[PDB]
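Shown here: final00.cif, mmCIF, C-alpha atoms and all ligand atoms.
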data_entry
#
loop_
_atom_site.label_atom_id
_atom_site.label_comp_id
_atom_site.auth_asym_id
_atom_site.auth_seq_id
_atom_site.Cartn_x
_atom_site.Cartn_y
_atom_site.Cartn_z
CA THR A 1 130.50 100.61 116.78
CA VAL A 2 128.15 102.34 119.22
CA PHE A 3 128.52 103.10 122.90
CA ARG A 4 126.12 103.45 125.86
CA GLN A 5 123.90 106.46 125.28
CA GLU A 6 122.39 106.91 128.77
CA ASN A 7 123.25 110.15 130.55
CA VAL A 8 126.61 109.46 132.20
CA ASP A 9 125.45 111.65 135.11
CA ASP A 10 122.81 109.01 135.90
CA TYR A 11 125.65 106.61 136.79
CA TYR A 12 128.58 108.73 137.92
CA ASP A 13 129.23 111.91 139.90
CA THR A 14 132.11 114.06 138.58
CA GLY A 15 134.65 116.01 140.66
CA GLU A 16 137.95 117.78 140.05
CA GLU A 17 139.44 118.22 136.60
CA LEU A 18 142.52 116.05 136.16
CA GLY A 19 143.73 117.30 132.80
CA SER A 20 142.91 119.15 129.63
CA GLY A 21 143.70 118.52 125.99
CA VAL A 22 143.02 120.03 122.58
CA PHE A 23 139.48 118.49 122.34
CA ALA A 24 139.48 116.32 125.57
CA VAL A 25 138.91 117.13 129.19
CA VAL A 26 139.52 114.57 131.96
CA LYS A 27 137.59 114.68 135.25
CA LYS A 28 137.67 112.56 138.37
CA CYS A 29 134.42 110.68 138.86
CA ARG A 30 132.69 108.23 141.17
CA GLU A 31 130.49 105.36 140.01
CA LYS A 32 127.21 105.47 141.98
CA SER A 33 126.65 101.72 142.13
CA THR A 34 130.12 100.81 143.50
CA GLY A 35 131.60 103.98 144.97
CA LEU A 36 134.78 103.34 142.93
CA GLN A 37 136.64 106.25 141.42
CA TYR A 38 137.63 106.65 137.79
CA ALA A 39 138.94 109.21 135.35
CA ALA A 40 136.31 110.29 132.81
CA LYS A 41 137.81 111.48 129.51
CA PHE A 42 135.30 113.60 127.50
CA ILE A 43 136.32 113.63 123.85
CA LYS A 44 134.62 116.19 121.60
CA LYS A 45 133.14 114.60 118.45
CA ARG A 46 133.37 116.12 114.96
CA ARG A 47 130.28 118.16 114.13
CA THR A 48 130.62 117.68 110.34
CA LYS A 49 132.61 115.44 107.98
CA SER A 50 134.97 118.21 106.80
CA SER A 51 135.39 119.83 110.24
CA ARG A 52 138.76 120.36 111.99
CA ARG A 53 137.29 120.75 115.49
CA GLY A 54 136.74 117.52 117.35
CA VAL A 55 137.97 114.00 116.84
CA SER A 56 136.75 111.81 113.93
CA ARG A 57 134.68 108.83 114.84
CA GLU A 58 137.30 106.62 113.17
CA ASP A 59 139.98 107.96 115.52
CA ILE A 60 137.78 107.63 118.63
CA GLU A 61 136.86 104.04 117.70
CA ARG A 62 140.54 103.17 117.21
CA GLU A 63 141.45 104.59 120.70
CA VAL A 64 138.57 102.64 122.29
CA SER A 65 139.40 99.34 120.47
CA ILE A 66 143.03 99.58 121.62
CA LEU A 67 142.05 100.44 125.22
CA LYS A 68 139.65 97.53 125.32
CA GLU A 69 142.52 95.13 124.63
CA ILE A 70 144.90 96.18 127.33
CA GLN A 71 145.28 94.74 130.88
CA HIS A 72 148.73 95.24 132.43
CA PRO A 73 149.91 96.89 135.68
CA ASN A 74 151.86 99.59 133.79
CA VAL A 75 149.08 100.66 131.42
CA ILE A 76 145.71 102.28 131.99
CA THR A 77 142.54 100.21 131.56
CA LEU A 78 139.17 101.10 130.17
CA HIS A 79 136.17 100.59 132.45
CA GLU A 80 133.18 101.71 130.30
CA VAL A 81 132.37 103.97 127.35
CA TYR A 82 129.40 106.36 127.06
CA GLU A 83 128.43 108.75 124.28
CA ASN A 84 126.06 111.52 123.37
CA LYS A 85 125.79 113.88 120.38
CA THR A 86 128.69 116.07 121.50
CA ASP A 87 131.17 113.73 123.17
CA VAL A 88 132.48 110.25 123.60
CA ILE A 89 133.14 109.60 127.32
CA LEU A 90 135.75 106.98 128.30
CA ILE A 91 135.65 105.89 131.90
CA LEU A 92 139.32 105.12 132.53
CA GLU A 93 141.28 103.74 135.43
CA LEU A 94 142.08 106.69 137.73
CA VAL A 95 145.83 107.40 138.20
CA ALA A 96 145.89 109.78 141.17
CA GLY A 97 149.58 110.67 141.72
CA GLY A 98 149.89 113.11 138.81
CA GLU A 99 152.04 113.22 135.66
CA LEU A 100 155.66 112.17 135.60
CA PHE A 101 156.01 115.63 133.96
CA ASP A 102 154.91 117.44 137.18
CA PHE A 103 156.87 115.07 139.44
CA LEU A 104 160.01 115.98 137.43
CA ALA A 105 159.18 119.68 137.75
CA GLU A 106 159.10 119.18 141.55
CA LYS A 107 162.47 117.40 141.46
CA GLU A 108 164.62 119.06 138.74
CA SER A 109 166.61 115.84 137.98
CA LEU A 110 166.73 112.22 139.19
CA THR A 111 169.58 109.87 140.18
CA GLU A 112 170.28 106.90 137.84
CA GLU A 113 168.51 104.60 140.26
CA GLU A 114 165.38 106.77 140.46
CA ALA A 115 165.54 107.12 136.67
CA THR A 116 165.88 103.31 136.12
CA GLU A 117 163.05 102.54 138.58
CA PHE A 118 160.69 104.61 136.41
CA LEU A 119 162.29 103.40 133.21
CA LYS A 120 161.94 99.70 133.97
CA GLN A 121 158.16 100.14 134.48
CA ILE A 122 157.79 102.16 131.30
CA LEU A 123 159.75 99.49 129.38
CA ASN A 124 157.58 96.75 130.85
CA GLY A 125 154.41 98.59 129.79
CA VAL A 126 155.85 99.24 126.31
CA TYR A 127 156.95 95.58 126.03
CA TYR A 128 153.36 94.56 126.72
CA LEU A 129 152.00 96.99 124.13
CA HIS A 130 154.56 96.11 121.44
CA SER A 131 153.94 92.40 122.12
CA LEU A 132 150.41 93.30 121.08
CA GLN A 133 151.65 95.18 117.98
CA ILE A 134 150.39 98.42 119.47
CA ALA A 135 152.57 101.45 118.83
CA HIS A 136 151.71 104.21 121.37
CA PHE A 137 153.08 107.07 119.28
CA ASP A 138 152.71 109.69 122.10
CA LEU A 139 155.20 108.61 124.81
CA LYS A 140 156.40 111.62 126.84
CA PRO A 141 156.45 112.59 130.56
CA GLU A 142 152.94 114.07 130.48
CA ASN A 143 151.61 110.65 129.30
CA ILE A 144 153.24 108.70 132.19
CA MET A 145 151.19 108.98 135.45
CA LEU A 146 152.13 107.98 139.01
CA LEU A 147 149.73 105.96 141.19
CA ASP A 148 151.11 107.80 144.27
CA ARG A 149 153.80 110.52 144.09
CA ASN A 150 154.65 110.44 147.83
CA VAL A 151 156.28 106.99 148.03
CA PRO A 152 160.08 106.57 147.51
CA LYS A 153 159.56 104.28 144.48
CA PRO A 154 156.37 105.40 142.63
CA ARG A 155 154.47 102.95 140.39
CA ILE A 156 153.55 104.20 136.94
CA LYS A 157 150.94 103.79 134.26
CA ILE A 158 151.15 104.76 130.60
CA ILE A 159 148.15 106.85 129.55
CA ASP A 160 146.74 108.64 126.47
CA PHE A 161 146.04 106.20 123.65
CA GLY A 162 144.82 109.00 121.39
CA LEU A 163 147.52 108.39 118.73
CA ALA A 164 148.06 104.64 119.29
CA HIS A 165 147.74 102.26 116.31
CA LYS A 166 147.83 98.58 115.63
CA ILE A 167 150.79 97.81 113.41
CA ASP A 168 149.67 94.79 111.30
CA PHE A 169 152.41 94.94 108.65
CA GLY A 170 155.31 96.08 110.71
CA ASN A 171 154.68 99.63 109.51
CA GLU A 172 151.75 101.96 109.01
CA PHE A 173 151.48 105.06 106.79
CA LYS A 174 148.49 107.01 108.03
CA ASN A 175 150.01 110.37 108.96
CA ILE A 176 150.61 110.45 112.72
CA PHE A 177 152.51 113.27 114.44
CA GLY A 178 152.92 113.95 118.17
CA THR A 179 154.95 116.52 120.11
CA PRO A 180 158.10 117.73 118.22
CA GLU A 181 160.51 117.21 121.17
CA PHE A 182 159.60 113.50 121.44
CA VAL A 183 158.89 112.38 117.81
CA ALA A 184 161.34 110.12 115.95
CA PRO A 185 162.94 111.28 112.69
CA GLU A 186 160.66 108.98 110.60
CA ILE A 187 157.66 110.95 111.96
CA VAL A 188 159.37 114.24 111.15
CA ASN A 189 160.11 113.03 107.62
CA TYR A 190 156.59 111.56 107.07
CA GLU A 191 157.94 108.08 106.51
CA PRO A 192 156.16 104.75 107.31
CA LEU A 193 156.10 104.28 111.08
CA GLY A 194 156.31 101.21 113.28
CA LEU A 195 157.04 100.17 116.86
CA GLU A 196 160.52 101.64 116.72
CA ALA A 197 159.15 105.19 116.89
CA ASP A 198 158.26 104.46 120.58
CA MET A 199 161.84 103.36 121.29
CA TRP A 200 163.18 106.75 120.12
CA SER A 201 160.72 108.55 122.45
CA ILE A 202 162.01 106.33 125.31
CA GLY A 203 165.56 107.56 124.54
CA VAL A 204 164.34 111.19 124.74
CA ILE A 205 162.46 110.51 127.99
CA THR A 206 165.63 108.82 129.45
CA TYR A 207 167.83 111.78 128.55
CA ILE A 208 165.37 114.15 130.29
CA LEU A 209 165.07 111.91 133.36
CA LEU A 210 168.85 111.95 133.83
CA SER A 211 169.57 115.62 133.01
CA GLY A 212 166.41 117.69 133.39
CA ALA A 213 167.10 118.96 129.81
CA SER A 214 165.44 118.11 126.46
CA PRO A 215 167.98 116.75 123.91
CA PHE A 216 166.55 118.24 120.64
CA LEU A 217 164.55 121.20 121.94
CA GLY A 218 165.02 124.33 119.79
CA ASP A 219 163.45 127.79 120.10
CA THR A 220 160.59 127.01 117.70
CA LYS A 221 158.76 123.79 116.79
CA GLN A 222 160.35 123.78 113.33
CA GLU A 223 163.87 124.09 114.76
CA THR A 224 163.18 121.14 117.16
CA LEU A 225 161.96 119.07 114.23
CA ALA A 226 165.12 119.94 112.27
CA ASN A 227 167.30 118.98 115.28
CA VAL A 228 165.44 115.63 115.46
CA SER A 229 165.87 114.75 111.75
CA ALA A 230 169.56 115.60 111.96
CA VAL A 231 169.98 113.69 115.30
CA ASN A 232 171.33 116.95 116.63
CA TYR A 233 171.88 116.15 120.31
CA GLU A 234 174.86 115.67 122.63
CA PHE A 235 175.52 114.81 126.26
CA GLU A 236 176.35 118.15 127.90
CA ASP A 237 179.18 117.70 130.39
CA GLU A 238 177.47 120.04 132.85
CA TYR A 239 174.52 117.59 133.06
CA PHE A 240 176.19 114.24 132.36
CA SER A 241 179.77 114.45 133.74
CA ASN A 242 178.87 112.20 136.67
CA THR A 243 176.31 110.02 134.79
CA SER A 244 177.48 106.46 134.00
CA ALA A 245 178.80 105.64 130.57
CA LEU A 246 176.27 102.74 130.40
CA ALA A 247 173.36 105.16 130.84
CA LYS A 248 174.76 107.18 127.89
CA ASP A 249 175.18 103.96 125.93
CA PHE A 250 171.48 103.05 126.48
CA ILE A 251 170.44 106.50 125.21
CA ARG A 252 172.86 106.40 122.24
CA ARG A 253 171.33 103.08 121.05
CA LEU A 254 167.83 104.53 121.08
CA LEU A 255 168.50 107.95 119.52
CA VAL A 256 169.41 106.32 116.15
CA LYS A 257 168.00 107.78 112.89
CA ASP A 258 167.45 104.47 111.08
CA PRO A 259 164.63 102.58 112.88
CA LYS A 260 166.10 99.29 111.60
CA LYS A 261 169.32 99.99 113.56
CA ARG A 262 167.55 101.31 116.72
CA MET A 263 167.26 99.00 119.82
CA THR A 264 163.96 97.14 120.03
CA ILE A 265 161.92 96.93 123.27
CA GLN A 266 163.32 93.42 123.84
CA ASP A 267 166.94 94.70 123.36
CA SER A 268 166.29 97.58 125.83
CA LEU A 269 165.27 95.10 128.53
CA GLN A 270 168.49 93.05 128.03
CA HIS A 271 170.76 96.12 127.83
CA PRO A 272 173.38 95.98 130.66
CA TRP A 273 172.18 99.25 132.27
CA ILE A 274 168.68 97.73 132.61
CA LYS A 275 169.09 93.90 132.92
CA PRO A 276 169.16 92.61 136.57
CA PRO A 277 150.72 119.71 116.87
CA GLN A 278 153.93 119.98 114.85
CA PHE A 279 153.10 123.51 113.56
CA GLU A 280 153.37 126.87 115.41
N1 LIG B 1 143.43 107.85 133.66
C1 LIG B 1 143.82 109.08 134.12
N2 LIG B 1 144.02 109.39 135.40
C2 LIG B 1 144.43 110.61 135.81
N3 LIG B 1 144.67 111.61 134.96
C3 LIG B 1 144.51 111.44 133.64
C4 LIG B 1 144.07 110.13 133.14
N4 LIG B 1 143.97 110.19 131.83
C5 LIG B 1 144.35 111.45 131.50
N5 LIG B 1 144.67 112.20 132.58
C6 LIG B 1 145.10 113.63 132.59
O1 LIG B 1 144.45 114.29 131.51
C7 LIG B 1 145.37 114.82 130.54
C8 LIG B 1 144.73 114.68 129.16
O2 LIG B 1 144.31 113.34 128.82
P1 LIG B 1 144.93 112.62 127.52
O3 LIG B 1 144.47 111.18 127.57
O4 LIG B 1 146.43 112.81 127.69
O5 LIG B 1 144.21 113.33 126.29
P2 LIG B 1 144.71 114.07 124.91
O6 LIG B 1 146.21 113.89 124.66
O7 LIG B 1 143.74 113.60 123.86
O8 LIG B 1 144.38 115.46 125.36
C9 LIG B 1 146.64 114.00 130.82
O9 LIG B 1 147.88 114.58 130.35
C10 LIG B 1 146.60 113.79 132.32
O10 LIG B 1 147.08 114.97 133.02
MG MG B 2 147.85 113.66 126.29
#
Could you quickly redo this structure as structure tokens?
Amino acid sequence: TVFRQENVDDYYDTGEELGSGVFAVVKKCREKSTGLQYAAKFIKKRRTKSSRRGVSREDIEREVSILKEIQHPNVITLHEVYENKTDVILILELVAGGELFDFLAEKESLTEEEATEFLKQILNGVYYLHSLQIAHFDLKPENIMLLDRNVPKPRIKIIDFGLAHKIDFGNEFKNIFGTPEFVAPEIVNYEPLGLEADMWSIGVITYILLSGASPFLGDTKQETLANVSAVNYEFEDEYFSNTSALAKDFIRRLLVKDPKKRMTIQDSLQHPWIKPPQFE
């Protein structure tokens, strides 16, 4: 489908850059007619059919369709879409407190309570998405933004729907691959993928939250990928010796090779701890 083709600069003023991707750049912006602030994501379009620069129209349309469906406190929303010959421009809800990735860098490691306060929001957002048969396929700390990083209990939003897909048959087989440290073994092995791939990523994120260390990270992307397929991780005593056994149990039930045997989003919410690009 087609998007608004008026000059986006007629309607918005842009400011600081918020983030950068392979073929996307995200800039703070202000809508002229309301004075409200947004994040404008400029996605470079493919210049030819066969090209490897830019994002295919099919992929952009899929990201926009998915964004248009979502309205939940723990996920980003889509305000408007514009386009011109070079880019598609998504006007997204602004999340102004930075990435969970940078918050973690400025903290080195969280307590179980700080970890579970983030985790419960992430699980709620993922529950919403999975309820809608949307697999995110790129869950990692850089794709989890804080509304405000200077409150004791920050609120979060899941961002970056660039790899997300509807799963109509319980699995899809269209060649998806995110960041080696966070991808599930079925991604590594090029097998049919479903909602369970997100649950593995959640296990990786949880491990990092608790320890400040990445459970499968090797010295090269290929070594990480090998570690993932083999489920080559362990709870280092130096990091986890004073972490509860229930926290370890939650992680152990997510970092499971067979997606059929991995906890679902609904199981994760009822778990006792909780219940109240690939190539070098
Ligand atoms: N809605 C937003 N609010 C604030 N920052 C954002 C927002 N969306 C993206 N960013 C920043 O821009 C970076 C790149 O955007 P992203 O959607 O992750 O694109 P891609 O993975 O295609 O590069 C993010 O990691 C984040 O730092
Ligand atoms: Mg991203």
*Could you tell me how far atom CA of residue 246 of chain A lies from atom CA of residue 111 of chain A, in Å and to one decimal?*
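We find that atom CA of residue 246 of chain A and atom CA of residue 111 of chain A lie 13.8 Å from each other.
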Note to self: Given all atoms listed in the file as the basis, pick out the residue of A:205, A:8, A:139, A:129 nearest to ligand LIG 1 (chain B).
What the structure shows: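 Checking each candidate against ligand LIG 1 (chain B), we get A:139 as the closest.
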May I ask you to write as a PyMOL selection string all residues lying at most 7 Å from ligand MG 2 (chain B), with all atoms listed in the file counted?
-> chain A and resi 21+142-143+160
Residue list as a PyMOL selection string for point (149.4, 91.3, 119.9), cut-off 10 Å, only C-alpha atoms = chain A and resi 69-70+128-134+166-168
| task | Give the answer as one residue: which of A:11, A:273, A:127, A:137 has the shortest atom-to-atom distance to ligand LIG 1 (chain B), using only C-alpha atoms and all ligand atoms? | result |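 Selected residue with least distance to ligand LIG 1 (chain B): A:137.
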Select the residues contacting ligand LIG 1 (chain B) at a distance of at most 7 Å, based on all atoms listed in the file, then format the selection as a PyMOL selection string.
chain A and resi 18-26+39+41+76+92-96+98-99+142-143+145+159-162
| task | Quick one: everything within 8 Å of residue 208 of chain A, counting only C-alpha atoms, minus sequence neighbours fewer than 6 positions away in the same chain. Send it as a PyMOL selection string. | result | chain A and resi 109+214-215
Find the residues near residue 73 of chain A: any atom within 9 Å, counting all atoms listed in the file, skip ones fewer than 3 places away on the same chain, and give them as a ChimeraX atom specification.
/A:76,121,125,155-157
Option closest in space to residue 261 of chain A, from A:236, A:196, A:172, A:249 [counting all atoms listed in the file]:
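Among A:236, A:196, A:172, A:249, it is A:196 that comes nearest to residue 261 of chain A.
With distances restricted to all atoms listed in the file, A:165 is the closest residue to residue 59 of chain A from A:262, A:165, A:120, A:30.
Rounded to one decimal, atom CA of residue 45 of chain A and atom CA of residue 62 of chain A lie 13.7 Å from each other.
Residues in contact with residue 221 of chain A at up to 10 Å, not including ones fewer than 5 positions away on its chain and judged by only C-alpha atoms, are residues 179, 180, 181, 226, 227, 277, 278, 279 and 280 of chain A.
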Give the centre and edge lengths of an axis-aligned box, in Å to one decimal, that holds all listed atoms of segment 251-255 of chain A with 6 Å on each side, as JSON.
{"center_x": 170.3, "center_y": 105.5, "center_z": 122.4, "size_x": 17.0, "size_y": 16.9, "size_z": 17.7}
With distances taken over all atoms listed in the file, the candidate from A:192, A:275, A:182, A:12 nearest residue 82 of chain A is A:12
Quiz item: Quick one: distance from atom CA of residue 7 of chain A to atom CA of residue 49 of chain A in Å, one decimal?
Solution: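 So the two atoms, atom CA of residue 7 of chain A and atom CA of residue 49 of chain A, lie 25.0 Å apart.
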(Q) Under the rule that all atoms listed in the file are counted, which of A:86, A:14, A:260, A:230 is the nearest residue to residue 53 of chain A? (A)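 Using all atoms listed in the file, the shortest distance to residue 53 of chain A belongs to A:86.
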Exercise. In the coordinates of the file, take the point (156.5, 110.9, 119.9) and a cut-off of 10 Å; then, counting only C-alpha atoms, name each qualifying protein, DNA or RNA residue as an NGL selection string.
Key: :A and (136-140 or 163 or 176-185 or 187-188 or 197-202 or 204)
Quick one: residues within 12 Å of residue 84 of chain A, all atoms listed in the file counted, chain neighbours fewer than 6 positions away excluded, as JSON, numbers by chain?
{"A": [2, 3, 4, 5, 6, 7, 8, 9, 42, 43, 44, 45, 90]}
